[PDB]
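Next up: a single chain in C-alpha cells, the form deposited in one PDB entry.
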C-alpha cells in the first residue's frame, strides 16, 4: 500500500536530521521509499526568527497495517527527534505524520487518516503535489483542485 508521510524539522541543521529521518523511514520493515519531495521552508511565526521549519513529503510502499506504521513513525520521532534531551516546551523537533494510507479512511483514537488538518496546510500539500500530482483523497476531492481553491502561505523551497 502507498502511505504518504510528512516530515518536518526545525532541529539544529535540518538537512542532517531530515536525512537521518529518511534513512530511518527506509529501514522500516516491509516498507520502502518510492519517492521523496524537494525540501521546503516555512518561517516561524513572529520576529524571533527562531529556526525555520524544513518540510518534505515521502511516498512509502508498505505491507504494514496503518497502526504498525504509526508505531514506527512514533519510534523514529523519539529516537531521532531529541525529546529525551528536551521535550515539552521545545517542542519536539522532528515531526513524522502519516498523511494518507492507500485510499483508507481511518478514524481511531490513536490514528486519523487523512491527517486531520492536512488540507489546510500548504507545507503538507505542496510537497505532496510534487510527488503525487494526480492524488485524489478518500472523500473524492482532488489535490489539484484544493490547491486551486484554498489560500496557503507562500512556500519556497529550502
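Rigid core (definition): largest C-alpha set, two forms, superposition within 1.5 Å. Residue numbers count along the first chain shown, from 1.
#### Entry: Of 146-154 and 12-20, the stretch whose C-alpha atoms average the higher B-factor in the entry
According to the entry, 12-20 carries the higher average C-alpha B-factor.
Which is higher in the entry, the mean Cα B factor of 102-110 or that of 22-30? The recorded data point to 102-110.
- [ ] From the list 127, 66, 133, 90, select the residue with the highest C-alpha B factor recorded in the entry.
- [x] Highest CA B-factor of the listed options: 90.
key: Third of the chain, ranked by Cα B-factor, where residue 50 sits   = Within its chain, residue 50 is a highest-third residue by C-alpha B-factor, going by the deposited values.
- Message: Based on the deposited C-alpha B factors for this chain, I'd like to know if residue 79 is in the lowest, middle or highest third.
- Response: Ranked within chain, residue 79 CA B lands in the middle tercile.
**Study point:** Among modelled residues of the same chain, the CA temperature factor third for residue 117
**Key:** As the PDB entry reports it, the C-alpha B-factor of residue 117 lands in the highest third of its chain.
Beyond what is shown, the protein has a form solved in complex with a small molecule; the following relates to that form.
(request) Would you mind picking the one in 102, 26, 43, 133 that has a heavy atom within 4.5 Å of the small molecule in the deposited bound form? (result) None of the others qualify; the residue that does is 43.
message: Using a 4.5 angstroms cut-off on non-hydrogen atoms, would residue 53 count as touching the small molecule in the deposited bound form?
response: Taking the distances in the deposited bound form, the answer for residue 53 is yes, it comes within 4.5 Å of the small molecule.
Practice task
Choose one stretch from 57-65, 31-39, 44-52, 125-133: the one whose residues place a heavy atom within 4.5 angstroms of the small molecule in the deposited bound form.
Solution key: Heavy-atom contact with the partner occurs in 44-52.
| request: Indicate whether residue 35 shows a C-alpha shift of 2 Å or more between the shown form and the other one, with the rigid core used for the fit. | output: Superposed on the core, residue 35 moves its C-alpha less than 2 Å between the shown form and the other one.
Once the core is aligned, does residue 78 move its Cα by at least 2 Å between the shown form and the other one? Where the cores coincide, residue 78 shows only a C-alpha shift between the shown form and the other one that is less than 2 Å.
Quiz item: With both forms fit on the core, is the shift of the CA atom of residue 119 between the shown form and the other one 2 Å or larger?
Solution: No.
Margin query: At a change of 3 Å or more, would you call the C-alpha separation of residue 124 and residue 89 in the deposited bound form closer or farther than in the form supplied?
Written below: Closer together, which means the C-alphas of residue 124 and residue 89 are at least 3 Å nearer in the deposited bound form.
request  = Could you tell me whether residue 84 and residue 96 have their C-alpha atoms closer or farther apart in the deposited bound form than in the shown form, knowing the shift is 3 angstroms or more?
outcome  = It is closer: the C-alpha separation of residue 84 and residue 96 falls by at least 3 Å in the deposited bound form.
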